[PDB]
Amino acid sequence: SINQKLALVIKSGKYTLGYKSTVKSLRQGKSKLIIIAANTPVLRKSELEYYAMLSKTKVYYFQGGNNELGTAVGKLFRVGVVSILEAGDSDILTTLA
Amino acid sequence: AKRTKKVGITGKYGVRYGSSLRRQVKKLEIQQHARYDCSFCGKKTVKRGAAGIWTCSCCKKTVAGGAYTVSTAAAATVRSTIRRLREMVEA
Amino acid sequence: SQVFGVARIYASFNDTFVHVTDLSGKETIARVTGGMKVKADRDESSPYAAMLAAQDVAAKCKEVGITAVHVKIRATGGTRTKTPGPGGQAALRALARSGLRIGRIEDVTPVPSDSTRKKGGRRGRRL
Amino acid sequence: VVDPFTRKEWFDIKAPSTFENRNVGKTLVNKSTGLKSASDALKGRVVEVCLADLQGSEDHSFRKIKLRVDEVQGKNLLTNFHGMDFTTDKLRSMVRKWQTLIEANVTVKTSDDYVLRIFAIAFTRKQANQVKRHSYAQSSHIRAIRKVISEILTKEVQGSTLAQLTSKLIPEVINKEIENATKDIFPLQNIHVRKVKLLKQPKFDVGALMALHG
Amino acid sequence: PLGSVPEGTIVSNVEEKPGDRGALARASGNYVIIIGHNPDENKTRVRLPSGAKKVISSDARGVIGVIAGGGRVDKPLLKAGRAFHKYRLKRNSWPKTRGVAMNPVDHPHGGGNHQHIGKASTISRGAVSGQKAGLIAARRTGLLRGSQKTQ
Amino acid sequence: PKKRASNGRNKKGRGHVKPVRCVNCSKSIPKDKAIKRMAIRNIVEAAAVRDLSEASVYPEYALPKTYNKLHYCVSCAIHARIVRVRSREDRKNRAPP
Amino acid sequence: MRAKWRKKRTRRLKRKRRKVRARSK
RNA sequence: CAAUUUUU
RNA sequence: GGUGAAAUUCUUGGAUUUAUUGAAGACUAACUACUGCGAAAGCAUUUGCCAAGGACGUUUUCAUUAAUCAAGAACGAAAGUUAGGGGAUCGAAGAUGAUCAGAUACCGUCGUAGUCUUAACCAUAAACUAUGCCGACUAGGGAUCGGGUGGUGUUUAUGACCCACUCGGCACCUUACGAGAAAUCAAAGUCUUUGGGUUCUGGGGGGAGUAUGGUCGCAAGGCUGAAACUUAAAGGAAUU
Ligand SMILES: [Zn+2]
Ligand SMILES: [Zn+2]
């Protein structure tokens, strides 16, 4: 279950919410594992992975959208995308697919 | 808080026009301009502009949905009628 | 050597009929009914009526050139007794006697997944 | 008035090739006059034939076949494959009380542009030194094998177009293969495929005409 | 083009003749269904939102999906004005005075010490213009629904 | 009073089962109650199988047998199934004959 | 007499006793 | 098929 | 056509039939049982998602956190309502054909409401196991589901089974010491050898779940609920 997996990230996984921070994390090429939402605007969607061709990070498309990623991470607002710049104790970054 | 007890929504008429009628308009006109949640924005700020229009205040993207609600009873069966159908005409 | 027909017996109540046709199963031939072998209408399912009908069905198929038939009995089917009629063994036996070979025969009674509520009602056929 | 029986063509039929000898009956249609001649008359019919003549097998008196007919040519007409269902006796000579029944379909987009639903059926016996009567499995093995039913017939299919999958159905080697997979879970009685019905003929298909004779 | 779509696609804005730019099933909400294709002489078997079947060619146009504006007629107006503001951009068809309390001259029904029409209401198509009021050439009156696809 | 110990129809602790259909008078009855006695004979006459085996191609071919089952009502049960009554002490028995 | 039709009498000769509270009063 | 009344 | 027997209705404009397709919506056969699951009503064709519940396992944990409940509350078959969608089959009202003395009853052929779905309703059914909820113990006997523990056990380590045991089920059979009015009962037992707790209900039958009063409903109706008068049984079980 992936919804077992990403709930464990909040312990010590260095992650970041937001979009510009998601981009700025992806700017240095140090961050991995972009997580997106289903009902994002698709013109916003493409330049996430178009950078991510160049940093080679996996972008797992999440089967839910924006409004149901919020309770799926813990916070109470409509969090669009999620970058996991470090997941020091985890299982996502290897065992996905 | 809860100002009056039963009529509520269409209390603005008063005592005229009937009451079998204005408890059917009560059931509809609550739906007519209550703020729905259009799905391609992740918010709930879409409301009436005209009988057939809906318009989200953020994201500025106006659907052409139903008359009084955002999607009718017959609208959710047509989008699965062709999604019944769009597979086996290909495969 | 034998040419193969299919009889498709309608074995049911108040009447019984049958028609030989090609092994494909569309070009129908010689459909005698219960009302053509008796004018009583109260015994068209009786085996005396299917006795007169079956030998006429083969003789009207004899000049056609029918030699053997893959007969197919079927009951009233649908939402009734699911039982072959009284003349069901009367059209089969008389056709075997009237000079016509039989082979590869079973029934085609349509078994449903029991639904589309039967007539009569809740409290049954009172009678 | 006319006695219209002297108006038909005392015509034949033909079987597909991947079998034994193929003259499998004769029919009666029409005359090819003007106003939509009897050449392109039928083009859609089915041949409700059992396998008992097409292979000579006596034990295979069940599994009636239907037959796609497409062409006519030169006092003959050549035939394509449709599917199979059991006779209505051989089902209910097996489903008695005090057992369970498993049925689990997976339709499959095959190699060329067909698609076709396929079924299965299952039966449970008690391996003697028994005392019970009702012979159940634990209702998660039912949940377990009816999904692995749904990938046994995703290996032989999706490849090797059905004009030699019929060469795999007439020895029932897929029904032999079900005994291989369910050999450790819960064992089973004799397993059959029991149905296949077709729904995606793409086109007129003169290219597959010459395959089904020789 | 409806010949290029398969069975049962509930469609709209379909056309009675090829190349005419829109004629059929474009009112506020209703649809139309296709029930097949006659292959030879490529016409088809189409219903209609009142139940009368119709035959139209292959290459007629058509958009899938029903028209927006669903469920509109069933809320009451409650106001004379929202009917007057309804008939603002259509006609001077509103209001409709009744021809029974009318004068005996301006309508074939009025007059008398009471208000009775006296003659029948259903007058035929054999009647000709200037007198067909009442009811136009029909058979079944009375309270019972005429439904489509009877048993 | 009481007349049957396992009172109505083989049923404790299940409330409602589903109804099924009689075949002799189209009656709906609760599924556990009425009767389920089978019917399997043949498809022949008073045998006439010598008449069959002379008139059989692919010789004699089956001994063709049948299957059917019956659901009754309560009224046409003892009107057709020739039992009509049971004695007082033999109400308790569960004999197949 | 099933007591359904003892009960069908008394549950519609009640309202005709009870619909005197709108015409008269 | 239909069969009712026969009277502290 | 349909019945005991006939009449509606349909049909040379191709009926009833045979094949080929295709659609509509309902519904889940044959497996289906002395069996499962849920507080109850109810629950059956698959796969996935969401949460929940039972039973057993343990040498984990907290320490009376507990049993029942007036007032107040969530759920509650079908029918019915109000408003849209859908409306195959059945089918109150009605139409119509036999039936007889009458048949607007039974039987026949049709057919709107309802049956199906969404939102608001209604709180009633033989909602019956006519057996409130909990705790102790008291005879056996064989099955059966789910968990668990063993056996020099067959089959192919494995999973189902065979046997022995135990837990909790749902039931069955024998028997009575016991219980009662009997029928019957493992609970309806451990009750004049009368007291384990704990909620409710009944005092002859009628009037009647009626009148007035209140409350809940949009209405049908639901809850609470007499009196006047009337009169010896109504009644439960069992033998002939
Ligand atoms: Zn928006
Ligand atoms: Zn019946």
# chains A, B, ... in the order shown; residues from 1 in each chain; ligands from 1
>>> residues_around(residues="residue 86 in chain D", least_positions_apart="5", cutoff="6 Å", atoms="only C-alpha atoms (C1' of nucleotides)", output="NGL selection string")
:D and (62-64 or 194)
>>> residues_near_ligand(ligand="ligand 2", cutoff="8 Å", atoms="only C-alpha atoms (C1' of nucleotides) and all ligand atoms", output="number ranges by chain")
C: 81, 124-125; F: 21-27, 71-73
>>> write_last_selection(atoms="C-alpha atoms", output="short mmCIF file (atom, residue, chain, number, x, y, z; two decimals), in the first residue's frame")
data_model
loop_
_atom_site.label_atom_id
_atom_site.label_comp_id
_atom_site.auth_asym_id
_atom_site.auth_seq_id
_atom_site.Cartn_x
_atom_site.Cartn_y
_atom_site.Cartn_z
CA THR C 81 -44.04 -25.55 -16.39
CA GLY C 124 -50.35 -17.87 -6.62
CA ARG C 125 -52.75 -19.18 -9.19
CA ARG F 21 -41.53 -19.45 -7.36
CA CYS F 22 -43.90 -22.42 -7.40
CA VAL F 23 -44.26 -24.23 -10.70
CA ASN F 24 -47.78 -25.66 -10.40
CA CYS F 25 -49.64 -22.51 -9.39
CA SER F 26 -47.01 -19.73 -9.89
CA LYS F 27 -46.92 -19.10 -6.13
CA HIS F 71 -41.09 -26.02 -6.39
CA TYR F 72 -44.64 -26.31 -5.13
CA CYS F 73 -46.98 -24.28 -3.03
#
>>> interface_residues(of="chain C", to="chain F", cutoff="8 Å", atoms="only C-alpha atoms", output="ChimeraX atom specification")
/C:80-82,89,93,96-97,100-106,118-126
>>> write_last_selection(atoms="N, CA and C atoms", output="compact mmCIF listing (two decimals), in the first residue's frame")
# COMPACT_ATOMS: atom_id res chain seq x y z
N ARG C 80 -42.87 -20.89 -17.35
CA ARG C 80 -43.98 -21.82 -17.22
C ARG C 80 -43.42 -23.16 -16.74
N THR C 81 -44.20 -24.22 -16.98
CA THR C 81 -44.04 -25.55 -16.39
C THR C 81 -42.64 -26.16 -16.61
N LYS C 82 -41.93 -25.75 -17.67
CA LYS C 82 -40.61 -26.31 -18.05
C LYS C 82 -40.69 -27.82 -18.27
N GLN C 89 -43.63 -36.86 -27.02
CA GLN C 89 -43.22 -38.18 -27.47
C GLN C 89 -44.10 -38.70 -28.59
N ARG C 93 -41.94 -40.17 -31.87
CA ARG C 93 -42.13 -41.58 -32.20
C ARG C 93 -42.76 -41.77 -33.57
N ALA C 96 -40.18 -41.16 -36.31
CA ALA C 96 -39.31 -42.31 -36.47
C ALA C 96 -40.02 -43.44 -37.20
N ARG C 97 -41.33 -43.56 -37.00
CA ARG C 97 -42.08 -44.60 -37.67
C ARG C 97 -42.40 -44.25 -39.11
N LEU C 100 -38.16 -41.82 -41.44
CA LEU C 100 -37.25 -40.70 -41.41
C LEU C 100 -36.23 -40.95 -40.30
N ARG C 101 -34.95 -40.93 -40.67
CA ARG C 101 -33.89 -41.23 -39.72
C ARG C 101 -33.69 -40.07 -38.74
N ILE C 102 -33.33 -40.41 -37.50
CA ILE C 102 -33.14 -39.44 -36.43
C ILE C 102 -31.70 -39.56 -35.93
N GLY C 103 -31.08 -38.44 -35.59
CA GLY C 103 -29.77 -38.48 -34.97
C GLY C 103 -29.45 -37.18 -34.26
N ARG C 104 -28.65 -37.30 -33.19
CA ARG C 104 -27.97 -36.20 -32.49
C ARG C 104 -28.98 -35.19 -31.90
N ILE C 105 -29.77 -35.70 -30.96
CA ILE C 105 -30.97 -35.02 -30.48
C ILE C 105 -30.90 -34.80 -28.97
N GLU C 106 -31.21 -33.58 -28.55
CA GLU C 106 -31.43 -33.17 -27.16
C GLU C 106 -32.42 -32.01 -27.19
N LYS C 118 -43.19 -13.67 -12.55
CA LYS C 118 -44.15 -14.47 -13.28
C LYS C 118 -45.56 -13.94 -13.03
N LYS C 119 -46.49 -14.33 -13.89
CA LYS C 119 -47.85 -13.82 -13.78
C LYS C 119 -48.60 -14.54 -12.66
N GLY C 120 -49.88 -14.23 -12.51
CA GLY C 120 -50.64 -14.76 -11.40
C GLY C 120 -50.61 -13.83 -10.21
N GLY C 121 -49.41 -13.53 -9.71
CA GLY C 121 -49.28 -12.58 -8.63
C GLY C 121 -48.49 -13.11 -7.45
N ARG C 122 -48.78 -12.58 -6.25
CA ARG C 122 -48.10 -13.06 -5.06
C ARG C 122 -48.73 -14.33 -4.52
N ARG C 123 -50.05 -14.36 -4.41
CA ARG C 123 -50.74 -15.45 -3.74
C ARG C 123 -51.06 -16.59 -4.70
N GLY C 124 -50.29 -16.71 -5.77
CA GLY C 124 -50.35 -17.87 -6.62
C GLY C 124 -51.56 -17.93 -7.52
N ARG C 125 -51.55 -18.89 -8.43
CA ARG C 125 -52.75 -19.18 -9.19
C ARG C 125 -53.73 -19.89 -8.27
N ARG C 126 -54.63 -19.12 -7.66
CA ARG C 126 -55.84 -19.70 -7.11
C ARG C 126 -56.65 -20.31 -8.24
>>> select_by_dssp(residues="range 5-126 of chain C", states="strand (DSSP E)", output="mmCIF file with C-alpha atoms, in the first residue's frame")
data_model
loop_
_atom_site.group_PDB
_atom_site.id
_atom_site.type_symbol
_atom_site.label_atom_id
_atom_site.label_comp_id
_atom_site.auth_asym_id
_atom_site.auth_seq_id
_atom_site.Cartn_x
_atom_site.Cartn_y
_atom_site.Cartn_z
ATOM 1 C CA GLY C 5 -32.518 -31.489 -41.098
ATOM 2 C CA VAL C 6 -33.569 -29.954 -37.784
ATOM 3 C CA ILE C 9 -40.381 -29.179 -31.854
ATOM 4 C CA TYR C 10 -42.538 -26.667 -29.987
ATOM 5 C CA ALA C 11 -43.871 -29.059 -27.366
ATOM 6 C CA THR C 16 -47.809 -28.530 -30.589
ATOM 7 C CA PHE C 17 -45.994 -27.771 -33.832
ATOM 8 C CA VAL C 18 -42.711 -28.382 -35.632
ATOM 9 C CA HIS C 19 -40.929 -27.344 -38.835
ATOM 10 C CA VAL C 20 -38.008 -28.976 -40.589
ATOM 11 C CA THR C 21 -35.349 -26.575 -41.858
ATOM 12 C CA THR C 28 -38.176 -23.018 -42.881
ATOM 13 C CA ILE C 29 -40.158 -25.907 -44.410
ATOM 14 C CA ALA C 30 -43.595 -27.454 -43.735
ATOM 15 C CA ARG C 31 -44.876 -26.150 -40.399
ATOM 16 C CA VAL C 32 -48.049 -28.084 -39.542
ATOM 17 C CA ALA C 68 -32.604 -37.460 -41.675
ATOM 18 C CA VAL C 69 -33.437 -34.815 -39.070
ATOM 19 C CA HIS C 70 -31.608 -33.634 -35.937
ATOM 20 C CA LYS C 72 -34.849 -30.577 -31.074
ATOM 21 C CA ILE C 73 -37.610 -30.921 -28.514
ATOM 22 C CA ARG C 74 -38.283 -27.910 -26.351
ATOM 23 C CA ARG C 101 -33.887 -41.229 -39.723
ATOM 24 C CA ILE C 102 -33.137 -39.441 -36.430
ATOM 25 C CA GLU C 106 -31.429 -33.171 -27.164
ATOM 26 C CA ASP C 107 -33.490 -30.210 -25.972
#
>>> residues_near_ligand(ligand="ligand 1", cutoff="6 Å", atoms="only C-alpha atoms (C1' of nucleotides) and all ligand atoms", output="ChimeraX atom specification")
/B:38,40-41,56,58-59
>>> write_last_selection(atoms="C-alpha atoms", output="PDB file, in the first residue's frame")
ATOM      1  CA  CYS B  38     -15.942  22.428  -9.676  1.00  0.00           C
ATOM      2  CA  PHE B  40     -10.609  21.161 -12.046  1.00  0.00           C
ATOM      3  CA  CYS B  41      -9.672  23.787  -9.437  1.00  0.00           C
ATOM      4  CA  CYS B  56     -15.832  29.597 -10.836  1.00  0.00           C
ATOM      5  CA  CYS B  58     -11.006  31.588  -9.072  1.00  0.00           C
ATOM      6  CA  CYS B  59      -9.413  29.912 -12.134  1.00  0.00           C
TER       7      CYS B  59
END
>>> interface_residues(of="chain D", to="chain B", cutoff="9 Å", atoms="only C-alpha atoms", output="PyMOL selection string")
chain D and resi 109+113-115+200
>>> write_last_selection(atoms="C-alpha atoms", output="PDB file, in the first residue's frame")
ATOM      1  CA  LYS D 109      -8.141  -8.561 -26.875  1.00  0.00           C
ATOM      2  CA  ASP D 113      -8.537  -7.646 -34.106  1.00  0.00           C
ATOM      3  CA  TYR D 114     -11.052  -9.837 -32.328  1.00  0.00           C
ATOM      4  CA  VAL D 115     -12.212  -9.816 -28.739  1.00  0.00           C
ATOM      5  CA  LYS D 200     -15.568  -8.291 -32.582  1.00  0.00           C
TER       6      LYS D 200
END
>>> atom_distance(atom1="CA of residue 54 in chain B", atom2="CA of residue 81 in chain A")
27.0 Å
>>> interface_residues(of="chain I", to="chain C", cutoff="10 Å", atoms="only C-alpha atoms (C1' of nucleotides)", output="PyMOL selection string")
chain I and resi 1-3+5-6+16-20+26-30+88-91+106-107
